[PDB]
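Trainee:
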Ligand code: CLA
Ligand SMILES: CC1=C[C@H](O)CC(C)(C)[C@H]1/C=C/C(C)=C/C=C/C(C)=C/C=C/C=C(C)/C=C/C=C(C)/C=C/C1=C(C)C[C@H](O)CC1(C)C
Ligand code: SF4
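Protein chains in written order, with the deposited numbering: chain 2, 65 to 267; chain F, 79 to 238; chain 4, 65 to 267; chain J, 1 to 41; chain E, 66 to 128; chain C, 2 to 81.
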């Protein structure tokens with residue numbers, strides 16, 4: 065078992081059964097079993113929103129620097145004008161995510177209850193674990209439903225560790241915009257020129 | 079009503095608007111026009127001018143002091159002075175009184191009823207704080223069903 | 065049966081016999097014994113007054129937009145003059161509402177008591193269930209009798225069309241309060257620019 | 001969290017968290033809607 | 066004597082703190098000559114902090 | 002001086018005598034409790050009136066009861 069602090073004893077609540085479990089709990093906030101299942105569910109949607117966040121921050125701004133796309137910076141992207149006002153873009157999204165996350169709220173509380181499509185009862189999700197819904201809408205290639213459990217755990221471990229790098233990255237993009245007032249691709253190319261000086265201590 | 083002029087046509091109410099901006103304009107004379115403390119007094123003046131234009135547009139009654147007076151009798155012109163925010167208040171105050179009453183019933187039928195009042199059971203509390211929304215239909219419903227009041231034979235009464 | 069919230073336990077009072085039962089009593093307004101008999105009668109007048117309300121608010125305003133009635137708006141219909149005084153028509157209504165609702169009040173209190181005529185007692189109402197006064201005056205086509213599974217479907221169709229009308233009439237009320245435009249024109253201003261005619265833009 | 005949330009559910013902490021939210025709400029009502037003497041609705 | 070051990074009684078004694086209050090009987094003394102044999106335990110303490118008090122069977126009814 | 006009265010609600014728990022600082026109360030035999038003893042106040046003229054016995058009585062309401070009446074040099078607690 066790989067662990068974050070190789071001399072330390074791993075915690076009792078982190079038994080290695082969860083994907084991406086490396087025993088990192090110094091404050092011990094996942095000690096309660098009922099709160100640990102909520103926090104794993106909190107970490108899953110945090111990971112996937114940050115990877116979707118990192119593909120809208122670092123991917124199109126790299127294409128903006130390379131001249132592939134003329135999209136604005138991620139900090140000033142909400143300030144731009146669209147066909148729908150940004151105040152009423154939220155309540156369209158809030159209504160659309162009251163069905164997306166509110167039906168996800170029932171799956172965390174009651175597993176195996178919102179897996180059936182209400183409009184057409186023949187359609188259902190091929191998922192058995194909380195946080196991994198499956199089905200055609202979410203797993204159209206069927207890679208997440210495998211018979212073997214060792215490959216399935218490593219692929220979920222691959223999902224978590226790709227997630228938590230982006231949660232460092234989107235948080236990294238927030239503080240870089242607050243400190244340097246510059247896009248993080250432009251902070252990378254400034255750091256790729258002279259990495260000795262172009263850092264956080266360049267002021 | 080009650081010898082009070084409306085505040086939109088009150089000369090004393092317009093005098094208090096004139097002498098409040100003039101107090102704040104003289105405070106602005108010792109600052110730079112683009113300075114940070116001058117933006118606070120400029121926001122104070124626009125807060126004052128918003129206030130006086132809001133009081134005159136609501137049909138407020140101003141006396142001889144130039145001050146807006148509230149008519150709490152239940153006048154059809156004056157509902158938002160006492161009757162409308164009173165019904166808004168009593169709904170909120172009855173919400174506080176109904177979710178505190180329903181919490182005590184929910185913890186009286188418990189193993190240790192006194193440890194649930196120093197340590198308030200938030201999943202038990204938050205599931206009835208939502209239920210305090212519809213409380214006039216639940217207070218008079220408990221009043222009509224007899225569950226709101228306790229009979230005097232089961233109430234601790236000090237002797238005569 | 066389907067419920068208002070998947071993964072949520074149905075309340076013990078709403079057991080699924082009542083037409084239109086989706087286990088929707090989150091605030092417990094019909095818990096008490098003997099209370100759900102009053103709240104169905106309350107739902108039935110409110111749903112039928114709203115379907116009477118929606119046929120007098122939207123249908124004459126829709127035909128005013130076509131222009132084959134030229135009826136005034138419903139929120140300005142109290143200012144319209146008639147052959148009677150507008151204040152007088154209130155009290156003549158509540159003398160007729162004193163008769164019609166107190167005959168309905170005794171049916172909820174003592175069922176099977178006021179189905180007979182007060183004047184010519186050979187005329188008796190054929191309704192058996194509380195809240196369904198079958199007779200020649202109210203159901204002349206005899207659609208309120210049959211099998212219990214067939215009767216439950218048409219009683220489900222009253223309240224599902226009735227709950228929509230309640231939401232409708234409550235919508236027209238708030239629309240006429242903050243926008244001061246009649247609700248068929250509010251529909252036609254929403255099919256032109258839907259993302260600019262929203263409750264946030266109307267505040 | 002079997003005992004940390006029990007401490008967080010105590011009477012002084014829940015009074016601080018509620019009145020922190022309550023005075024936090026009533027201050028933010030008094031920013032966007034200040035000088036409110038008459039309810040217009 | 067007494068109503069029952071382990072039963073719910075209501076105190077009719079005027080000067081007690083637990084007048085018209087639900088109490089649980091824990092002991093009834095069957096020795097003759099005892100004026101207040103029924104020992105009733107209460108969920109709430111009085112101002113002295115105790116919950117144990119002795120009452121006669123004439124000052125209690127079953128509720 | 003002070004009149005200390007014992008009532009029949011006493012359980013013979015003896016703590017009214019143990020709380021007495023002027024030796025007023027004593028435990029006499031009795032037939033009305035499990036302990037088969039009741040308090041009494043023979044030296045009630047020595048009573049200061051402090052009601053330490055009423056503070057230590059677990060019976061609701063109190064079995065020992067001190068009524069503050071005529072006060073003399075015993076019940077005033079003076080040394081001069
Ligand atoms: C995915 C993680 C990640 C990555 C690769 C970067 C990369 C960069 N950051 Mg950094 N940063 C991060 C997250 C990240 N950061 C976080 C979480 C914060 C909040 C504290 C910031 C806040 C921050 C500021 C305010 C600034 C930078 C700047 C920079 C650049 C110079 C290096 C430096 O001074 O680092 C500073 C690093 C930190 C303050 C935090 C350490 C970063 C993480 C937490 C540790 C490493 C994690 C992981 C092992 C990285 C894997 C890298 C791998 C892909 C090769 C560099 C391109 C500077 C810049 O613009 O350069 C011109 C700048 O001024 N960063
Ligand atoms: C676990 C543990 C253990 C024990 O408990 C102790 C402690 C220490 C406490 C711990 C730890 C912790 C931590 C580290 C935390 C952190 C986290 C994070 C950072 C997150 C993020 C997270 C993040 C996230 C989700 C993110 C998201 C994002 C997004 C949406 C974005 C978006 C966008 C885009 C696309 C672009 C455009 O143009 C703009 C926008 C719109 C802006
Ligand atoms: S303290 Fe009270 S109960 Fe105990 S012996 Fe003295 S008088 Fe009796």
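Beta carbons are placed, not taken as given, at the ideal position from N, Cα and C, and that holds for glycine.
(1) Applying a beta-carbon distance threshold of less than 8 Å, which residues of chain 4 neighbour residue 219 (chain F)?
(2) Near residue 203 (chain 2), which residues of its chain fall below 7 Å by C-beta distance, leaving aside the five closest residues on each side in sequence?
(3) For residue 125 (chain 2), is the classification buried or exposed, using 16 other Cβ atoms within 10 angstroms of its Cβ as the cut-off for buried?
(4) Is residue 93 (chain 2) near ligand 2, with its Cβ less than 7 Å from a heavy atom?
(5) Residue 119 (chain F): which of 103 (chain F), 133 (chain F), 128 (chain F), 131 (chain F) sits nearest, CA to CA?
(6) Going along the chain, which residues of its own chain have a beta-carbon closer than 8 Å to the beta-carbon of residue 5 (chain C), five neighbours each way excluded?
(7) Under 8 Å, do residue 10 (chain E) and residue 90 (chain E) count as touching if we go by C-beta distance?
(8) Among 154 (chain 2), 190 (chain 2), 234 (chain 2), which residue has its Cα nearest to the Cα of residue 112 (chain 2)?
(9) How about residue 33 (chain C) and residue 99 (chain E): are their beta carbons less than 8 Å apart?
(10) Whole-angstrom Cβ separation of residue 198 (chain F) and residue 11 (chain J), contact assumed at under 8 Å?
(11) Can you tell me whether residue 114 (chain 2) sits near ligand 2, meaning its C-beta is under 7 Å from at least one heavy atom of the ligand?
(12) Taking residue 79 (chain E) as the query, report the chain F residues whose CB atoms sit under 7 Å from its CB, ordered along the chain.
(13) In whole angstroms, what separates the C-alpha of residue 187 (chain F) from that of residue 175 (chain F)?
(14) Just checking my contact of residue 82 (chain 4) with residue 89 (chain 4) at CB under 8 Å: how many whole Å lie between their CB atoms?
(15) Let's see if you can read the secondary structure: which residues bound the alpha helix (DSSP H) around residue 131 (chain F)?
(16) I want to verify the contact list: residues of chain C whose CB lies under 9 Å from the CB of residue 86 (chain E), in sequence order.
(17) Do residue 148 (chain 2) and residue 264 (chain 4) have their beta-carbon atoms positioned less than 8 Å apart in this structure?
(18) Give me the residue from 241 (chain 2), 261 (chain 2), 255 (chain 2) with the minimum Cα distance to residue 137 (chain 2).
(19) Taking Cβ-Cβ distances below 8 Å as the criterion, which residues of the region 91-121 of chain E are in contact with chain C?
(20) Do residue 234 (chain F) and residue 85 (chain E) have their C-beta atoms closer together than 8 Å?
(21) Flag residue 234 (chain 2) as yes when its Cβ comes closer than 7 Å to any non-hydrogen atom of ligand 2, and as no otherwise.
(22) Scan the region 171-182 of chain 2 for residues whose Cβ lies nearer than 7 Å to a Cβ of chain 4 and list them as they occur along the chain.
(23) Along chain F, in chain order, which residues have C-beta atoms closer than 7 Å to that of residue 38 (chain J)?
(24) Check residue 25 (chain C) in the structure and name its three-state DSSP category.
(25) Quick one: give me the first and last residue of the beta strand (DSSP E) that residue 27 (chain F) is part of.
(26) Going by CA-CA distance only, name the one from 219 (chain F), 225 (chain F), 237 (chain F), 150 (chain F) that's closest to residue 183 (chain F).
(27) Measuring straight from C-alpha to C-alpha, what distance separates residue 114 (chain 4) and residue 154 (chain F)?
(28) Could you check whether the Cβ of residue 139 (chain 2) sits closer than 7 Å to any heavy atom belonging to ligand 1?
(29) Check the DSSP bridge columns for residue 193 (chain 2) and list the partner residues they point to.
(30) Under 8 Å between the Cβ atoms of residue 113 (chain E) and residue 61 (chain C)?
(31) Using a C-beta to C-beta distance shorter than 9 Å, which residues of chain J count as neighbours of residue 72 (chain 2)?
(32) Decide if residue 66 (chain E) is buried, meaning its Cβ has at least 16 other Cβ atoms within 10 Å, or exposed.
(33) From the beta carbon of residue 14 (chain C), is the nearest beta carbon of chain E less than 8 Å away?
(34) Is residue 59 (chain C) close to chain E? Criterion is C-beta to C-beta, closer than 8 Å.
(35) In this structure, how does DSSP classify residue 80 (chain E) when only helix, strand and coil are distinguished?
(36) Apart from the five residues on each side of it in sequence, which residues of its chain come closer than 7 Å, Cβ to Cβ, to residue 120 (chain E)?
Mentor: Taking the structure as given:
(1) Taking the first residue of the second chain as position 1, residue 219 (chain F) is located at position 141. Against chain 4, the beta carbon of residue 219 (chain F) has neighbours under 8 Å at 93, 96, 99, listed in chain order.
(2) As a working note, residue 203 (chain 2) is residue 139 in the first chain. So the list reads 209, once near-sequence residues are dropped.
(3) Within the first chain, numbered from 1, the residue matching residue 125 (chain 2) stands at position 61. With 16 or more other Cβ atoms within 10 Å, it is buried.
(4) Position 29 of the first chain, counted from the start, is the residue given in the question as residue 93 (chain 2). Yes, the beta carbon of residue 93 (chain 2) sits closer than 7 Å to at least one heavy atom of ligand 2.
(5) Taking the first residue of the second chain as position 1, residue 119 (chain F) is located at position 41. Taking each of 103 (chain F), 133 (chain F), 128 (chain F), 131 (chain F) in turn and checking the Cα distance to residue 119 (chain F), the smallest one comes out for 103 (chain F).
(6) Stepping through the sixth chain from its first residue, residue 5 (chain C) is reached at position 4. Only 25, 26, 42, 45, 48, 54, 65, 66, 67, 68 meet the Cβ criterion.
(7) It is not possible to answer for residue 10 (chain E), since the shown part of chain E is limited to 66 through 128.
(8) Against the first chain, residue 112 (chain 2) aligns to sequence position 48. If we check each option's Cα against that of residue 112 (chain 2), 234 (chain 2) comes out closest.
(9) For this step, residue 33 (chain C) is matched to residue 32 along the sixth chain. For this step, residue 99 (chain E) is matched to residue 34 along the fifth chain. Contact annotation: residue 33 (chain C) and residue 99 (chain E) have beta-carbon atoms nearer than 8 Å.
(10) Residue numbering aside, residue 198 (chain F) sits at position 120 when the second chain is read from its first letter. Residue numbering aside, residue 11 (chain J) sits at position 11 when the fourth chain is read from its first letter. Confirmed, Cβ separation roughly 7 Å.
(11) Counting from one through the first chain, the residue named residue 114 (chain 2) turns up at place 50. Under cutoff, so the answer is yes.
(12) Counted from its first residue, the fifth chain places residue 79 (chain E) at position 14. At a beta-carbon threshold of 7 Å, the residues of chain F lying near residue 79 (chain E) are 237, ordered along the chain.
(13) For this step, residue 187 (chain F) is matched to residue 109 along the second chain. For this step, residue 175 (chain F) is matched to residue 97 along the second chain. It is roughly 19 Å from the alpha-carbon of residue 187 (chain F) to the alpha-carbon of residue 175 (chain F).
(14) The residue given as residue 82 (chain 4) occupies position 18 in the third chain. The residue given as residue 89 (chain 4) occupies position 25 in the third chain. The pair is not a contact, with the Cβ atoms about 11 Å apart (cut-off 8 Å).
(15) Along the second chain, read from residue 1 onward, the residue named residue 131 (chain F) stands at position 53. Residues 114-133.
(16) For the purposes of this step, residue 86 (chain E) is identified with residue 21 of the fifth chain, where counting begins at 1. Those do not exist, as residue 86 (chain E) stays about 11 Å from chain C at its closest Cβ, beyond 9 Å.
(17) By one-based count along the third chain, residue 264 (chain 4) stands at place 200. By one-based count along the first chain, residue 148 (chain 2) stands at place 84. Contact flag unset, no.
(18) Residue numbering aside, residue 137 (chain 2) sits at position 73 when the first chain is read from its first letter. Considering only 241 (chain 2), 261 (chain 2), 255 (chain 2), the residue with the shortest C-alpha distance to residue 137 (chain 2) is 241 (chain 2).
(19) Taking 8 Å as the Cβ-Cβ cut-off against chain C, the residues of the region 91-121 of chain E that qualify are 94, 96, 98, 99, 100, 101, 111, 113, 115, 117, 118, 119.
(20) In the second chain, residue 234 (chain F) corresponds to position 156, counting from 1. In the fifth chain, residue 85 (chain E) corresponds to position 20, counting from 1. In this structure, residue 234 (chain F) sits near residue 85 (chain E), with a CB-CB distance shorter than 8 Å.
(21) Stepping through the first chain from its first residue, residue 234 (chain 2) is reached at position 170. Residue 234 (chain 2) has its Cβ nearer than 7 Å to a heavy atom of ligand 2.
(22) Within the region 171-182 of chain 2, the qualifying residues are 173, 174, 177, 178.
(23) On the fourth chain, position 38 is the one that residue 38 (chain J) refers to. Result: 136, 138, 158, 159.
(24) Taking the sixth chain and counting its residues from 1, the one referred to as residue 25 (chain C) is at position 24. Per DSSP, reduced to three states, the secondary structure at residue 25 (chain C) is coil, with no helix or strand assignment.
(25) Examination of residue 27 (chain F) is not possible in this model, given that chain F is present from 79 through 238 alone.
(26) The residue given as residue 183 (chain F) occupies position 105 in the second chain. When each option's Cα is compared against that of residue 183 (chain F), the closest is 225 (chain F).
(27) To locate residue 114 (chain 4), count along the third chain from 1; it is residue 50. To locate residue 154 (chain F), count along the second chain from 1; it is residue 76. Each residue's alpha carbon lies about 28 Å from the other.
(28) In the first chain, the residue the question calls residue 139 (chain 2) occupies position 75. Outside the cutoff, so no.
(29) The residue labelled residue 193 (chain 2) in the question sits at position 129 within the first chain. According to DSSP, residue pairing for residue 193 (chain 2) in a beta bridge involves 196 (chain 2).
(30) Residue 113 (chain E) sits at position 48 when you count from the first residue of the fifth chain. Residue 61 (chain C) sits at position 60 when you count from the first residue of the sixth chain. Yes. Within cutoff.
(31) By one-based count along the first chain, residue 72 (chain 2) stands at place 8. In chain order: nothing, as chain J lies at least about 21 Å away.
(32) Working through the fifth chain from its first residue, we reach residue 66 (chain E) at position 1. Of the residues assessed, residue 66 (chain E) falls on the exposed side of the cut-off, its CB having fewer than 16 other CB atoms within 10 angstroms.
(33) The residue labelled residue 14 (chain C) in the question sits at position 13 within the sixth chain. Not closer than 8 Å to any Cβ of chain E, the Cβ of residue 14 (chain C) fails to qualify, so no.
(34) As a working mapping, residue 59 (chain C) is identified with position 58 in the sixth chain. True, the Cβ-Cβ gap to chain E drops below 8 Å.
(35) One-based indexing of the fifth chain puts residue 80 (chain E) at position 15. In this structure, residue 80 (chain E) counts as coil in the three-state DSSP scheme.
(36) Numbered from 1 along the fifth chain, position 55 holds the residue referred to as residue 120 (chain E). If we look at residue 120 (chain E) and ignore the five residues flanking it on each side, its Cβ neighbours are 76, 78, 101, 103, 105.
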